[PDB]
Amino acid sequence: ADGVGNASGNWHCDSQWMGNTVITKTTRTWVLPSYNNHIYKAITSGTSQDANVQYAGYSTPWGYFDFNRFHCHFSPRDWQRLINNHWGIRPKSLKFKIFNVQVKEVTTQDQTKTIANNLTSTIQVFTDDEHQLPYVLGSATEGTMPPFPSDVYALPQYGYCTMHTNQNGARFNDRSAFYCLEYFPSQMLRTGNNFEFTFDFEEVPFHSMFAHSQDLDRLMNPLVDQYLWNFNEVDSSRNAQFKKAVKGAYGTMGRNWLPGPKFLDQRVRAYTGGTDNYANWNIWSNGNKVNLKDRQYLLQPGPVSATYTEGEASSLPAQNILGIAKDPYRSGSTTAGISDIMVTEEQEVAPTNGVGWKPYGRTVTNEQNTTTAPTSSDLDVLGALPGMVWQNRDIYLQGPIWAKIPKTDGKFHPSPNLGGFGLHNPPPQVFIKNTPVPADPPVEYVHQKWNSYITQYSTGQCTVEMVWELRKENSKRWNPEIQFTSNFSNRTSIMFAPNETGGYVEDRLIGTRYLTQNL
Amino acid sequence: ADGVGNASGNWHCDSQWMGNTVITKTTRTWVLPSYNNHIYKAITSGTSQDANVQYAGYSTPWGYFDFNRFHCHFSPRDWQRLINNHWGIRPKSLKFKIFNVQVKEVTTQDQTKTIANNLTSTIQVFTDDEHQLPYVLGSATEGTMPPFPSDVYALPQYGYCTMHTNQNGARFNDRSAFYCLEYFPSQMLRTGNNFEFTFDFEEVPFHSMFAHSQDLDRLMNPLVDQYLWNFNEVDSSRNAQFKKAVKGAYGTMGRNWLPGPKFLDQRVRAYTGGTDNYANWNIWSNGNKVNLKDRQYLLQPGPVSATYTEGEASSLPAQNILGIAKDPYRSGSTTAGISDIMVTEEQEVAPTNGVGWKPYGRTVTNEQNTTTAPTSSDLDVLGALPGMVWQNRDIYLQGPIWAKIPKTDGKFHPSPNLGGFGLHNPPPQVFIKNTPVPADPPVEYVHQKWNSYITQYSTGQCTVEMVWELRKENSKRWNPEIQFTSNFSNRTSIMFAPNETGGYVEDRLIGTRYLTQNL
Amino acid sequence: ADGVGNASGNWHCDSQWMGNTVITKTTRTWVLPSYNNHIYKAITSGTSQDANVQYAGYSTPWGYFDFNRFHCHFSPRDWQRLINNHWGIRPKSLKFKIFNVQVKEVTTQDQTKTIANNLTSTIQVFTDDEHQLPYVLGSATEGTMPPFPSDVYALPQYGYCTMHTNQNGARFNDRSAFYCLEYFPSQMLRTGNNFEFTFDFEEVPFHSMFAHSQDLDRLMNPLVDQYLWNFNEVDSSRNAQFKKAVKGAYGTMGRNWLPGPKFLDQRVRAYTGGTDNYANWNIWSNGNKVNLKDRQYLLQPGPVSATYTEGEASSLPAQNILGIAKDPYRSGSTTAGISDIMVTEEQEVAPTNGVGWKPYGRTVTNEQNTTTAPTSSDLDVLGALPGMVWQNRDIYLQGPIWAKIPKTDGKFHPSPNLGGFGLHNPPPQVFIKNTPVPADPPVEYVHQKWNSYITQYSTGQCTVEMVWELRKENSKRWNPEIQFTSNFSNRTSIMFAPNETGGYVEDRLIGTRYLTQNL
């Protein structure tokens, strides 16, 4: 294909806007180590007796590419052009390349590393097109490409969980599956070789890049009464009374449509002002949980809900938020306060979704009679009922693009709770390993497992080219709308740029919902 | 197009039944005033501090046509032919005309009005085809065409609500949208000119014009046992016992299908007999409510439920009913009793839907053991679960035809709670205004807003032509069925006709569900 | 394209003279380090509180090529053929190549550097054709190619200034723009690869390579009187008197044309003889300045003016000169005297431009009457008035070729003050970087920014080929003209050649204006 002295690819980063489509291209330099030192390891939770944290699986010698966050594909300026001018976006097609491969050997002598080119060494690359391997993308995990184009990123090690059991610690059972990645055809690359593949997204709904400019309970003409007559009260004579729904009677009016279903969330005050928190409680005791088998885990974030009520504006739904550290590299060994963490604000869905820590509503709790007074209480948690409408969670420049829909007999509204595009056929996983280069063999043959290798690592460039379909904003609104703008003011470095020491700084989460549209 | 002395259209009222389709045509005389005196007004709830009743929006100089009730398009006799002979109906296409336009000027001198033709004055008409304006149809509000063909109807004024906030009264915010209707292309009509447009409905499910002749729990052959063995009890020895489901064991039988999901409603006795009401309580305190943002409002009517259990036949689900005044013009300033109000009766859905004030069922509340006895309670409110089946609300001659489905990421069974056809693309709103005719200008130019106008109003005729698709009744039932008939007996005027003073009288609600069909 | 063992280009240095065009070709060896160690740095003036020196911007990992001085493209002998034989020159087209690329790695062990070829490493090259990056060429800054063909030149690091504000030091604001150069498509080159592009200059005026042989006030025939009669005086009787402009009356004659507009400059005596200087004053206090925002800066050099009056021949306009060190590498840490600095002499423009420290002329300062005597003073600074004509600044073998015209709504005579060709579309900037080669990655994946790299640098050859359009000298002058010649006499090394230690010596500035032409 190509020799030692020719480049096998070129650098491509741009965004192209044509018609109803935008094409993003981005190139990175990647680094791949040799993981596990060329073996598979059965990994578990060990002696841990807590069923909730138990797991069983395998770490592999293979690495992988994760481009599943938007800021991989969009500059902040391009994200601005997207969210200010368009009502919708969905992924269409994908092209991925690996080129300019460099395999290197590391030799240590007397605490002295020397790095040299190994020109005859290979890397192996394959994509899993039929989704025959455990799919670890779409879990919102690190190891994604860094947003900034000149940043290098080490490829994460591939591993997976498989079925486990609880007896005196995690154990594999008969349903536990092992996957050898060397049991798949992969092409081998020396420095001259390159790799590419293409992918087409299935048809999915456009993400809704707008906020509603109307509330689900305001849909009627304010100037006219309804012709409906609703039950009002029972008179002292015990006879039922009916009241006409009249203009301004909004509490009593009959409606065709209901807010979407929700869990109840606990409210926390994350910002200055408003109703203050109770002290010394953790979400693990008091939060929403999911029972699965013998295990519990916190239900986070669940379907999206409105973030706050006005006047309570500093409060958050505890578990309904996506937190992201302002410093991507901040260590998770210690907790952080609100000042260190970017938290998503879902207020755009307030017209249809209801606020997280508000109950869905009230429910009648009894059947009344002459001697039984009517009673009612809160409806905290409610499933789907005919007439409900809701918005999905917003997508963020720093958030995940897609998630793989689990393969199941049934689903309800398969929109991922973390946000993004639910896909029956997500983009295939791209696996990469350094081909093992054995060390010096013994002169006299011995029967043993081969543990001796030359230390290798590889580096190169990768281009990701995505095509995005757009819905144009079409609106007769007379007055100006809300736009995302730079209101950062005076700074010691440019926002969404490198700082003095070269660290890339994105301290603000950016959603898509700025333009408005009627219900 | 046409002069002063030629009619621009003819009167058309008929119903045509051909094959699987019925075509309704109806003509009315309309009256349009000049609303707001040619200005837009920002309208709010004012100083009201109650968040529940707050709103913000605009009243417009424009009027509009609302034909969204069935009795606009169907005579009572045609409605009878529909409901006795057919299993289903859905709208197909729509044609609307405005013609024979007459613009008139009103001059008042010394408390004396004179009305004269203004031959050079215009009206403006446009339809909003792309649904770019706030859609106020489908809220079951007055200003619809009157059922009776020779009744004149004044066109209602168009207004809308837009996003508001709660601080010290209702306020507009940055998401609040203003819409100038003069920012749309509209054709202008003098007395010779006419207007028309056509519309096609999207494919929607046929309304179910039948009642089920079977109950969801009776579906099996009564002559045969099941081969299923269900858990029955635990013996005094603590061992589980299994009982065979045998013919007649209907309470214990395994089934494939579940009744539809429901809210629990409070029961009220609206008629003579049965269990009497508790005294002096109102639905606002005790009823089902919806939390939306910081607001509450009564959940009415919600998905349809069965109206009563037999022997309780006089009771109603409080909030699950559509009330309609027997006198359409009865003032809403005072409450009414059952004798003044027509209330819908949903008993046809009793086979699948369950009764409004009955809980869905019972639920086990605990995990038993040797020292823990099993407990259970009522399941009042339940969302959708696999295996549920239900009926939608019935449509009525006096009820709404369609509702606009809110534009949202997700929906569950988008059938409108008030009944009718949920539409992603409903029929477009038809807006009409009297073109402002300015009064005498000042001889010397002055810089000021122009407030001086000649008083105008317009009148004309409008034809609505709808095409309806039908499903023919196909049944092997041997015995006669239920039919809608005239059983009114002796009256001082014909029912569904004018009375002595010319008022049109429809005192009986008429559903579609008479014919029966098996589950 | 090419392997390890083949050259990807050849050495080209020549000048071709054909017809009205000259083609210059020149080749250099370049060296590129890795700047900033593969990061962008936000750079400011720091804690400096002086608004005049404040700045904000970015240094980039990229380098660039600057060939924007004439002695890059012309040997002294070719410059001689140009200026002695031609009246005009302008750039036409440009071709640039990068070839014979060598990427090398530096390894330090125990204070011992070893340099080795890295055969699989790349460089990245792109040109900014649409001028989408801050354009730093045309500011007369170092980092240009050295004149002498066998000299190697390190490529300068690319950086730029962006909008800043003054508050407690320089700050970035919302108008400050960051530019990632990796957000541009660039081709990647191994040792076999090469690069080229072509460019066409827009039509610009020929530089005027001649001096005028007439003065703007001598244009008339000396043998004939004018027929004009000019106001002369007012007699003791108060009546106005008119005097005929007669041959020899040059001070009183009417003329069609005016000298060009000018700032007033301060005169300094830079050479022996003439009127001596005042002592102990600096130009920062006493010089011409420009107010821009809250900042001041010295107005240098401004539009060109004549350098001196005869008899004052040792004086200079203080700020109107281009100084260039006779030693290009003399450090700027200390001031230099005239003997160390080559200073341009603009005397060729004396016919039309007026001398820098002379005022433009005299102006009447009052409106006289019987009791008010006429007064007048100096006109120091004057803008453009109808009838003015002027010459631009001369171009020098050691001076800049072009400058980018700022993109603005309006311009007056967009000829650069430093001299050369003002261009709306200047030659594109050529950016080059060493592709980062990552070092050994950690075996166990960690989430951190990648700071580990192998030290790289690159070298190669670059050819610049420019096409120049010429205007031929056409003159009927009988007597010989002024020519540029070698009058250096006896030297220890050849002038415009290397010295004993190999340093290239050009101690004399050479303008283009030798041939003469009438006004």
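- This entry lists cryo-EM as its structure determination method and reports a resolution of 2.43 Å.

## A short note on the overall build of chain A
- Each helix and strand counted, chain A has four helices and 34 strands in total.
- For the C-alpha atoms alone, the extent of chain A along its principal axes is close to 110 × 60 × 45 Å.
- Across chain A, contacts joining residues at least 24 apart in sequence account for 73% of those joining residues at least 6 apart.
- A total accessible area of about 21,900 Å² is found for chain A, and carbon and sulfur atoms account for 47% of it.
- One way to put it: in chain A the 44 positive side-chain charges average out to a point 3 Å from where the 47 negative ones average out.

## Regarding the relation of the copies chain A and chain B
- For the pair chain A and chain B, the relating rotation is 120 degrees, the translation along its axis is 0.0 Å, and the fit reaches an RMSD of 0.0 Å. Given the turn and translation reported, the copies of this chain are related as if by a three-fold rotation axis. Across chain A, the smallest distance between a C-alpha and the rotation axis is recorded for A:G383, namely 2.4 Å.
- With a heterologous cut-off of 20% or less, the 7% of interface residues of chain A that recur at the interface of chain B puts this contact in the heterologous class.

## Digging into the interface of chain A and chain B
- Facing the 98 residues of chain A at the interface are 122 residues of chain B.
- Between chain A and chain B, the buried area comes to about 9,600 Å², and carbon and sulfur atoms account for 57% of it.
- A per-residue breakdown of the area chain A buries against chain B is headed by A:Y227, A:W229 and A:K476, which together make up 10% of the total.
- The partner of B:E142 in a salt bridge is A:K244, and the shortest N-O contact between them spans 2.6 Å.

## Some thoughts on the relation of the copies chain A and chain C
- When chain A is brought onto chain C, the operation consists of a screw motion whose angular component is 72 degrees and whose axial shift is 0.0 Å, with 0.0 Å RMSD remaining. Expressed as an axis order, the relation between the two copies is that of a five-fold axis.
- Comparing interface residues between copies, only 6% of those in chain A also sit at the interface in chain C, which points to a heterologous contact through distinct surfaces.

## Here we look at the side chain of C:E506
All names here are of chain C.
- Tracing the backbone shows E506 in the loop between β33 (504-505) and β34 (515-517).
- Buried charged residue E506 carries no salt bridge. Nearest counter-charge: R69, at 5.9 Å.
- If we ignore the near neighbours within four places in the chain, the residues touching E506 are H71, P147, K326, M342, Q398, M495 and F496.

## A closer look at the arrangement of the chains
- Here two pairs of chains make contact, and the pair sharing the most contacts is chains A and B.
- Contact between chain B and chain C is absent, and the minimum C-alpha spacing across the pair is 22 Å.

## Re the pattern of salt bridges
- The tally for this structure, following the rule as stated, stands at 35 salt bridges over all chains.
- With its nearest N and O atoms 3.9 Å apart, the salt bridge here joins A:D151 to C:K449. A residue pair is termed interchain when its members come from two chains, as with A:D151 in the loop between β7 (123-128) and β8 (153-154) and C:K449 in the loop between β30 (429-434) and β31 (455-472).
- Taken together, the shared-partner salt bridges connect A:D215, A:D217, A:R218, B:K293 and B:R295 into one network.

## Brief notes about the environment of B:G337
- Inspection of the secondary structure assignment puts B:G337 in the loop between β24 (323-325) and β25 (341-343).
- Between the alpha carbons of B:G337 and B:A325 there is a distance of 9.9 Å; along the sequence they are 12 residues apart.
- What B:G337 contacts, discounting residues up to four positions off in sequence, is A:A240, A:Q241 and A:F242.

## Description of a nonpolar patch on the surface
- Taken together, the side chains of B:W229, B:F231, B:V234 and B:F242 present a nonpolar region at the surface, about 480 Å² in accessible area.
- The element that contributes the greatest number of residues to the nonpolar patch is strand β16 (residues 229-234) of chain B, accounting for three residues.

## Thoughts on the side chain of B:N353
All names here are of chain B.
- For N353, the location among the structural elements is in helix α4 (residues 350-353).
- Among the residues examined, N353 registers a relative accessible area of 3% and is labelled buried.
- Polar contacts involving the side chain of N353 include one to the main-chain amide nitrogen of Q391, which spans 3.0 Å.
- Excluding residues that lie within four positions of it along the chain, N353 makes contacts with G260, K262, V304, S305, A306, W390 and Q391.

## Overview of the environment of C:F184
- For C:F184, the position within the fold is in the loop between β11 (171-172) and β12 (187-189).
- Note: C-alpha distance between C:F184 and C:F126 (58 residues apart in sequence) is 7.9 Å.
- The residues touching C:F184, leaving out its near neighbours within four places in the chain, are A:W11, A:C13, C:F126, C:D128, C:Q132 and C:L133.

## Brief notes about helix α2 (residues 76-85) of chain C
- Where burial is concerned, most of α2(C) is hidden: seven out of the 10 residues are buried.
- Those residues of α2(C) hidden inside the fold are in contact with β1 (14-18), α1 (70-73), β5 (86-108), β31, β33 and β34 of chain C.

## Topic: the sheet that holds strand β27 (residues 388-390) of chain A
- The three strands lie next to each other as β18(A)-β27(A)-β30(B), forming an open sheet whose pairing is mixed. Whereas interior strands pair on both sides, the edge strands pair on one side only; in this sheet they are β18 (258-259) of chain A together with β30 (410-412) of chain B.

## A few points about the nonpolar core
- Formed by 135 residues in total, the largest nonpolar core has its most connected members in A:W30 and C:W30.
- Not counting residues within four places of it along the chain, the set of residues in contact with A:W30 comprises A:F65, A:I98, A:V101, A:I123, A:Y153, A:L155, A:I432, A:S458, A:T459, A:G460, A:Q461 and A:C462.
- Core analysis: the second largest hydrophobic core is formed by 68 residues, B:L94, B:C180, B:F201 and B:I510 among them.

## Digging into the packing of aromatic side chains
Residue and element names in this part refer to chain B.
- What the rule picks out here adds up to 99 aromatic pairs over all chains.
- Both rings, one in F148 and one in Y504, keep their centres 5.1 Å apart while their planes meet at 25 degrees; by these two values the pair is stacked. Here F148 is found in the loop between β7 (123-128) and β8 (153-154), whereas its partner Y504 is found in strand β35 (residues 504-505), with 356 residues between them in sequence.
- In this structure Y504 comes out as buried when scored by relative accessible area, which is 17%.

## What to know about empty space enclosed by the protein
- What the rule picks out here adds up to 16 cavities of 30 Å³ or more.
- Every residue lining the largest cavity is counted, 18 residues in all, and those nearest its centre are A:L219, A:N256, A:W257, B:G138 and B:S139.
- Counted by class, the lining of the largest cavity contains 10 nonpolar, five polar and three charged residues.
- In this model, the second largest cavity occupies a volume close to 110 Å³.
- Across the lining of the second largest cavity, the residue classes tally to six nonpolar, eight polar and one charged.

Criteria and thresholds
- Residues numbered from 1 in each chain as written, not as in the entry; some residues may be left out.
- Chains lettered and ligands numbered in written order.
- Part of a larger assembly, values for the part shown.
- Heavy atoms only, no water.
- Helix = DSSP H or I, 4+ residues; strand = E, 2+ residues; numbered from the N terminus.
- Contact = heavy atoms within 4.5 Å.
- Areas by Shrake-Rupley, 256 points an atom, 1.4 Å probe, with all protein chains shown as cover.
- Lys, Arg positive; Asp, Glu negative; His and termini not counted.
- Charge placed at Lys NZ, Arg CZ, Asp CG, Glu CD.
- Least-squares fit on C-alpha atoms.
- Buried area = accessible area lost by both parts, 1.4 Å probe.
- Salt bridge = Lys/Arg side-chain N within 4 Å of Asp/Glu carboxyl O.
- Buried < 20%, exposed > 50% of the residue type's maximum accessible area, 1.4 Å probe, protein only.
- Patch = residues over 30% accessible without salt bridge, like charges linked within 9 Å, V, L, I, M, F, W, Y side chains within 5 Å.
- Polar contact = N/O pair within 3.5 Å; in protein donor to acceptor, adjacent residues only side chain to side chain.
- Pairing = 2+ DSSP bridges.
- Core = buried A, V, L, I, M, F, W, Y, C linked by side-chain atoms within 4.5 Å.
- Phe/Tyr/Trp six-rings, centres within 6.5 Å; stacked < 30°, edge-to-face > 60°.
- 1 Å grid on protein atoms, 1.4 Å probe; cavity = no way out; pocket = protein on both sides within 12 Å on 5 of 7 lines; lining within 4 Å.
- Points joined across faces, edges and corners; volume = space filled by probe spheres on them.
- Nonpolar A, V, L, I, M, F, W, Y, C, P; charged D, E, K, R; others polar.

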